[PDB]
């Protein structure tokens, strides 16, 4: 998947960014089976005051997670995954849960490309990994924490 994470500049230190990425990644790995290296977390920083809620300019505590997923999982799994992200981003960022927004969007794997390769359907990532060329496997392997 790709998790776009919209935060205010200077709200998360580099280590807090690492912590937030590891929380989102571990959650997605834990609940779906997808290997760590297929999960990207992409922080998008904007000056504080760029978020408005109901017309009121905000400080810099709001966190918006936009999660882009392959189609094919159940509503039940997706709810657990969103709740676990709320949970673990709150702990990892030391920010209260009422600041955390999480939307999941879904697309057919047939129109999703990671590492220059089309994604498999959500249960099939094991065989998929194996007919990647040598180098592709070696490269992805290095992206695991």
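Numbering follows the first chain given and starts at 1.
Across the two stretches, 11-19 and 123-131, the PDB entry reports the greater mean Cα temperature factor for 123-131. In this crystal structure, the stretch out of 34-42 and 103-111 whose C-alpha atoms carry the higher mean B factor is 34-42. Ranked within its chain, residue 49 lands in the lowest third, by CA B factor from the PDB record. Among the modelled residues of its chain, residue 59 has a C-alpha B-factor that falls in the highest third, as given in the PDB entry. Sort the chain's modelled residues by C-alpha temperature factor and residue 93 lands in the highest third, per the entry.
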